[PDB]
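I have placed the structure first, in the form of structure tokens, so that the comments after it can refer back to it.
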Amino acid sequence: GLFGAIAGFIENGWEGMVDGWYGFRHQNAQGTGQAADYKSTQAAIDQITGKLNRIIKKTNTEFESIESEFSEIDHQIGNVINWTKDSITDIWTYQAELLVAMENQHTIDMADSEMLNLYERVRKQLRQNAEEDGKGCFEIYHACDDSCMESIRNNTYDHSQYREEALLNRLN
Amino acid sequence: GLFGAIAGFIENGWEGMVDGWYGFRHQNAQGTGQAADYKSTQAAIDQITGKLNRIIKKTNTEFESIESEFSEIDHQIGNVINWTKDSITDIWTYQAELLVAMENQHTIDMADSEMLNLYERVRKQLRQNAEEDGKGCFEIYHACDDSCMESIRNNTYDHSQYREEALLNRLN
Amino acid sequence: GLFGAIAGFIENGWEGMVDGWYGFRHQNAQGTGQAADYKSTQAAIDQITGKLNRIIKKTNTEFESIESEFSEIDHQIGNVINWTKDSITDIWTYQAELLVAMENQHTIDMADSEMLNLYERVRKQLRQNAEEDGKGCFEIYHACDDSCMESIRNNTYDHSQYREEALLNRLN
Amino acid sequence: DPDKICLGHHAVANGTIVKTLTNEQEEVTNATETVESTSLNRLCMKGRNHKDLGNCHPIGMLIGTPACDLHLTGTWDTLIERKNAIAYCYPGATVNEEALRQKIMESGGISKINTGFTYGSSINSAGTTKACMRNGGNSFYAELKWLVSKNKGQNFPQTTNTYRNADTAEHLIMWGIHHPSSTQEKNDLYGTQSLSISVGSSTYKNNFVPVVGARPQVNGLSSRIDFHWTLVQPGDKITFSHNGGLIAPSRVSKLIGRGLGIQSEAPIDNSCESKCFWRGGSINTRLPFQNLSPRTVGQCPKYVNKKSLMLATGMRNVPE
Amino acid sequence: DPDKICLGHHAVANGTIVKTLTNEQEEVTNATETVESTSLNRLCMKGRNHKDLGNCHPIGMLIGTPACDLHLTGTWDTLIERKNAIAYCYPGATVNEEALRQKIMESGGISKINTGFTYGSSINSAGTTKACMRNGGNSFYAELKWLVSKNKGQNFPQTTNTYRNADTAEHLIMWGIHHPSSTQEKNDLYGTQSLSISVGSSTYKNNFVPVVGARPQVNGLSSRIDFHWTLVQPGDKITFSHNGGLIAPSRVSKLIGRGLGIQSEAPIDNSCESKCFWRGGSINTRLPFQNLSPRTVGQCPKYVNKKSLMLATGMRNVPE
Amino acid sequence: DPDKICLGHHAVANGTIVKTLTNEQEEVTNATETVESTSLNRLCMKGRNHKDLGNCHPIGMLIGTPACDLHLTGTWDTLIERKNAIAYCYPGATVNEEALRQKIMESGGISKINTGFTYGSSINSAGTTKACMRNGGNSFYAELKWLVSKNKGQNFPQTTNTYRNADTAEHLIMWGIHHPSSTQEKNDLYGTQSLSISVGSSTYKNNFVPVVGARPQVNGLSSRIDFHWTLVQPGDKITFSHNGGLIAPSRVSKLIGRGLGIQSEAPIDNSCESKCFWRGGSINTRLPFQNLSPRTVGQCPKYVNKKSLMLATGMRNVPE
Ligand SMILES: CC(=O)N[C@@H]1[C@@H](O)[C@H](O[C@@H]2O[C@H](CO[C@]3(C(=O)O)C[C@H](O)[C@@H](NC(C)=O)[C@H]([C@H](O)[C@H](O)CO)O3)[C@H](O)[C@H](O)[C@H]2O)[C@@H](CO)O[C@H]1O
Ligand SMILES: CC(=O)N[C@H]1[C@H]([C@H](O)[C@H](O)CO)O[C@@](OC[C@H]2O[C@@H](O)[C@H](O)[C@@H](O)[C@H]2O)(C(=O)O)C[C@@H]1O
Ligand SMILES: CC(=O)N[C@H]1[C@H]([C@H](O)[C@H](O)CO)O[C@@](O)(C(=O)O)C[C@@H]1O
Ligand SMILES: *[C@@H]1O[C@H](CO)[C@@H](O)[C@H](O)[C@H]1NC(C)=O
Ligand SMILES: *[C@@H]1O[C@H](CO)[C@@H](O)[C@H](O)[C@H]1NC(C)=O
Ligand SMILES: *[C@@H]1O[C@H](CO)[C@@H](O)[C@H](O)[C@H]1NC(C)=O
């Protein structure tokens, strides 16, 4: 997309991931394991929630009938009304076709961002103790157990605590 | 935000910084010191200035009155006018609630970008001679005086001139 | 722009590059050489194509004439029509000035993104075997022939295949 | 060889297609409709003090057509006119007809005040007809009197009747002019003399000359009783100058407050609530648009020419 | 010293300026217009069963003015009125004129049905005039008859003519009243006694007193033939009571379906196709706006007060 | 341990709340209002050649009511009508009243041309009344003459008066019909003889029969004088046939150019400038919207249903 995260450098999405929108997949010594990131998944929802509230609304404007459904109204005035209406109806057709189209573009790219925003948050945690594989994973250049992994997802992982171990494995 | 810079990986803003919008804070051997970046601070303003130019505008349409404020107009035609108007008034209410809301979203995220745009500009200057701390600062891995700092803010800093000194301090 | 790629850290565009929108320029042992990236150049076009499809469109609403070009219509009704119209004409003037202005902002920044999207794609390929010069080039820290270059542009380049050679030239 | 942590987004196999500024076929995780395509076949008068007129037409209420007898007075918030609704037992039409209905439909109720009008016994104010039946016998518009001369052929006496608005809000005075089929009929009721009917108020002036000559037959009658009307302002008089052939009000109508007027063919439902109505019934959608009909009334979603506008409520769906 | 790879964007030397939310002078690679400023000098009636009236005015079609002789009936989809178009050979104007034209121009075609009306030979229904010339001889409106008395000065006989709507869709009956220059003219055709013309239907009632007295001269004549009209409902009668001075219909008009009415001064072209028209001709732009005229008809780009709105079809242009 | 450089954004403690596509409570550095909620109590006629009418009603200008005496002619760009403005000193009302004022308020000035009309001295054209006081003495509408017979009871002489449009733009001729309270008044001026007033032009025909008989009493006078009007085309005549009871024009009015009509109750200010006005006064905001009133006139911000729309003029505010 705009942010390249979704339908971008991330090959595809995870039909398996039904506990959120944005998440992790570690594979290590102990073995594989999946988990969703709430704080990001929520931010995207909270934003769409907000979109929907504002968009899913009619006015509080009480409209009287200007057209008799049973009687026949004067041809001069009736022709004016038909035009006035058809022109209003043509605007709202447009004002909507555009609103939805634009809000759709923004919704997509907003999600796109909240992904990259995670990747970048994590990249900056892992500092020099990992490398970007280009498909939205970090090859960690140190031993990282289910303790160490949950410390990344929890944004508690400390680079200095593995820094030497990692930097050595990297230069080899 | 979209760019994650503002209200994102940057914990918060600087009530102290009254000489601009986007700026720097170095601490070194000499000690602390603050200074704003004009080129970026201006770009964001110049863009909002332009928004205000577009938005703060009425038409040059002369409207003659079609409602008598003292006399009573025919009830059939008057009811048409009330509807025609209230429909127009309903559009402009909406067309405006959208203009402001969308331009507000873009204003925010545009600022958000002009921050990340700075961070990235600087990161690329500091090359391998510094590291991202994840809170929108660079730990510089060499001695950097108020001369060296002003050389970053001025986009004159040369990595090769400190490169070896830095790379060694880094690997330790 | 928003992404800082175009009219940003990239000094300027390439009047020479007439086979696309986004491209590469390598200089190596062999010497210089230019080539455009279709997959990105296309994505930006395909998106503007789609904009034009949406935007270059009138309604299929048949409007009958409510104003006689030869005859004179009643002054009370005619005054209403003049107002109704001028108010419609004022909206459409605005609804359009906004459509174009917004789509223009998005078109620009969308291009801006499809550039950064490339830079980031490539950076992540070159992994630890190259460094960002800050003007949207990667100084490759290893011998890279027209074979090796075309392997970057083709997104086939393998870092591990040059990794040691590069990492050594880097630390020096 | 090296440990990994991966970043990724959710997805589904059956994802929805929406439209954006760039793509017209963009697939996403979840989306929602913004255009309501479905209607209710019913009018939703829950929490509404409404009045269904049935075959009574709004106009008829002020003049008192047989049908409208149940709807002469009352207070409500919603008026419901129906198709072929009867406003005129005796042939004719109201001058400025549409305007009147719309005024009655936007009214929230009707009071009736008595004119008090009395006439010398050279005049027959009890004048009934076959056209307006009541209890299997000839009758007339309850709120009007048919003024004809007592002795067949005798000239109708010059009379002056004047109503004063005692109330502090404006009243709606209605009356009728009678047009004879032929001069035989004209002279048998009002006499040989040519007739002139002058109505006057502070804000109203109008002269009416009844016209003789045959129309086609309607209910056995080629004669017409057309009606006119006006508002009489508080503390004001309206004066009726007539030589005969004036169908005079026994009652002025007062329109109370305001109410929502629904022209519909659908049945009522008091279980159901709404703020939007059209010919085909109620519209309840929280949605912001609708493609049912551009003829709506009340607080309503805006009519659009789109079948469906799908709004993305989730990210791009990228499948496995 | 080290091998390097550069990434970039294209440009051009001659780039266009567009407007964004922030910048009013933003230079881009390629852009395109959204406001059409150029018109066609012609009407584009390709794939259209159109009827150009020339100097025939739509009203004239229903009464049968000399000009409109070729346009008395027919079916089409597009009606084309012209400037100074002739509707009245004999001086006068139609009461409620504008309404009629608009109804004719909205219509897709015209049927004519015969009234059948016949008169005793004390009446001269062959009454012609110099004002409406046809084959270098005096003539009259093809769809009307001039009713005058046979013997100059003889009083015009009391007649009753009544048309019945045989068809199942409403017909448009038109007639005329004659106003004499002086009482000399009045008595020479209709007599001395005052004349009264009563017209009646289930939905129409009206009395017409012809008025004597000179106006200014128009084509050598200070006398007027004004016309009136009404819709006669299916299975209904319209009755004409007249003492003389009634220009009676030989033909009722029926408006068939609906069609597009173009008021234009531009010539036709059947090579050219369009859905949009104005005074100055056709508008064909795929474009979504136009600044030609706010008086358009058909499926049309929205009139806007902008000379040009340039839409970016490319990236930011930066030269070296 | 290692030297560090930080990037960051500004902020404030008192930041404003705005609404975006996602957030309805988004706090930002600086913002601004787009809806003007504050009005001026005054009309702003700086750089405007305006005419305030005060208690003169526009119609009164063409007939010359006492109040309008200062406003019989002039040229302007802005007309200012007021509440309860007086158009008729002598009781009565103008036929097609509203249409006239709208035409006057659309106009940018008034010329007066003299009819020239003279009458034989069997007629008294100096006819005055108490209703239209001037210099503490009985007077009449300045632009009209009261035509009564010289000898009390004598029958009013048959007269013919005819105005010719000398000018090359259309003029507006106004006149009045007087109805005597009772036949005592009728006979004292014109006698028992029935009166008939015929007015004629190339485009106008109309007959007016004065009606005798008492109405509601207004200013001690039960008789009412009504006015009618028409446009007389350049190089054209309008002819007045009358038996008496015709209030004849001494002056035709001509509307000069076009001008802005403000219906207001607010006082003037020539220090203050504006392009927008409503009942409550002027609106000057650079702003693009307003919630004051949907009845505005001139170049105006669009009326909206929002108290406030706050537009962000700065970034997200995040405090310490
Ligand atoms: C005046 C009268 O009594 N006439 C007798 C007729 O009723 C009748 O012939 C039939 O008359 C019908 C019209 O009769 C009414 C009506 O509309 O019902 C009777 C009404 O009571 C009468 N008005 C009053 C005030 O009482 C009413 C009215 O005066 C109108 O002019 C009617 O237009 O007329 C109808 O025309 C039938 O088609 C007709 O044959 C006979 C009884 O056999 O005698 C009439 O003298
Ligand atoms: C032009 C003219 O005739 N002016 C008369 C005027 C009118 O005739 C009258 O208002 C009808 O339109 O009548 C005037 O006197 C009316 C006056 O007569 C008194 O005797 C009586 O006491 C009063 O109530 C009142 O009726 C008038 O001034 O109106 C005289 C005027 O010359
Ligand atoms: C039927 C009839 O009367 N026809 C005659 C008319 C009318 O009398 C006047 O136009 C009155 O309007 O006048 C003519 O001189 C004319 O116009 O040629 C002859 C014409 O045959
Ligand atoms: C339009 O709104 C106003 C509110 O006072 C109302 O009084 C006016 O009559 C309306 N028009 C009609 C014909 O209802
Ligand atoms: C509407 O605008 C046209 C432009 O010429 C003008 O001629 C016409 O009279 C206007 N009508 C009114 C009633 O203001
Ligand atoms: C620019 O874009 C237009 C419209 O999309 C296209 O038709 C045209 O070929 C292009 N022209 C030039 C000169 O770039």
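Residue numbers (the deposited numbering), protein chains in the order written: chain B, 1 to 172; chain F, 1 to 172; chain J, 1 to 172; chain A, -1 to 318; chain I, -1 to 318; chain E, -1 to 318. Cβ coordinates follow ideal geometry from the N, Cα and C atoms, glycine included.
In the three-state reduction of the DSSP assignment, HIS106 of chain B falls in the helix class.
The C-beta of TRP83 of chain B comes closer than 8 Å to at least one C-beta of chain J. Taking a Cβ-Cβ threshold of 8 Å, the residues of chain E close to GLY198 of chain A are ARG213, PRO214, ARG222, in chain order.
C-alpha of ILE56 of chain J to C-alpha of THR18 of chain E: approximately 28 Å in a straight line. Contacts between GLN76 of chain J and chain E, judged by CB atoms closer than 8 Å, involve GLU96, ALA97, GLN100 in chain order.
A contact is defined here as three or more CB-CB pairs under 8 Å, and the region 76 to 83 of chain I fails this definition with respect to the region 227 to 245 of chain I. Between the alpha carbons of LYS148 of chain A and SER123 of chain A lies a gap of roughly 9 Å. Within chain I, the C-beta atoms nearer than 8 Å to that of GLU67 of chain J come from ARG293, in chain order.
Nearest to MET172 of chain A by C-alpha distance, out of A:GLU25, A:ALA164, A:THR92, A:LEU145, is A:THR92. Neighbours of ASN79 of chain J across chain E, judged by C-beta separation under 8 Å: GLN100, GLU104. For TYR38 of chain F, the enclosing alpha helix (DSSP H) starts and ends at 38 to 55. Between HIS159 of chain B and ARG127 of chain B the beta-carbon gap is near 4 Å, inside 8 Å, which marks them as a contact. Within the region 16 to 28 of chain A, the residues whose Cβ lies closer than 9 Å to any Cβ of chain J are, in chain order, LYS17, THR18, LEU19, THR20, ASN21, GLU22.
By the rule that beta-carbons nearer than 8 Å mark a contact, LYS57 of chain B does not touch chain E. For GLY4 of chain B, the nearest beta carbon of chain A is not closer than 8 Å to its own beta carbon. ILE91 of chain F and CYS298 of chain E have their alpha carbons spaced roughly 16 Å apart. Closest option to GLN34 of chain J, judged by alpha-carbon separation, among J:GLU62, J:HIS75, J:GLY23: J:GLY23. Ligand 1 approaches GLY125 of chain A closely enough that one of its heavy atoms is under 7 Å from the residue's Cβ. Shown here, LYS235 of chain E sits in a strand according to DSSP, grouped into three states. In the structure shown, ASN117 of chain F adopts helical secondary structure according to DSSP, grouped into three states. By the rule that beta-carbons nearer than 8 Å mark a contact, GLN95 of chain J does not touch chain A. Contact between the region 148 to 163 of chain I and the region 211 to 221 of chain I is not established, with fewer than three Cβ pairs separated by less than 8 Å.
Close CB contacts of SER196 of chain I within its chain, under the 6 Å cut and outside five residues either way in sequence, are with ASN205, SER239 (chain order). For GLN125 of chain J, the nearest beta carbon of chain B is closer than 8 Å to its own beta carbon. For a Cβ distance threshold of 7 Å, residue set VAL209 of chain I lies close to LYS203 of chain E, ordered along the chain. Not one heavy atom of ligand 4 lies closer than 7 Å to the C-beta of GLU62 of chain B. Residues of chain J with a Cβ closer than 7 Å to the Cβ of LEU285 of chain I are, in chain order, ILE56. Against chain E, a Cβ distance below 7 Å from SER192 of chain A picks out nothing, because the smallest value is about 11 Å.
At a beta-carbon threshold of 9 Å, the residues of chain E lying near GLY50 of chain B are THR18, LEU19, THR20, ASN21, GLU22, ordered along the chain. Taking C-beta atoms as the reference points, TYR188 of chain E and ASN217 of chain E fail to come closer than 8 Å. The chain-ordered list of residues whose CB is nearer than 6 Å to some heavy atom of ligand 4 reads F:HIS75, F:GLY78, F:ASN79, F:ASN82.
Shortest gap from the CB of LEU285 of chain I to any heavy atom of ligand 6: 7 Å or more.
Relative to the Cα of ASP75 of chain I, the nearest Cα in the group I:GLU34, I:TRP227, I:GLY255, I:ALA129 belongs to I:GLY255. Listed along the chain, the chain A residues whose CB falls inside 7 Å of the CB of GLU103 of chain J are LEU19.
Taking the Cα of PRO286 of chain E as reference, the smallest distance to any Cα among E:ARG46, E:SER194, E:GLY257, E:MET308 is reached at E:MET308. Taking 7 Å as the cut-off, the C-beta of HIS55 of chain E does not count as close to any heavy atom of ligand 2.
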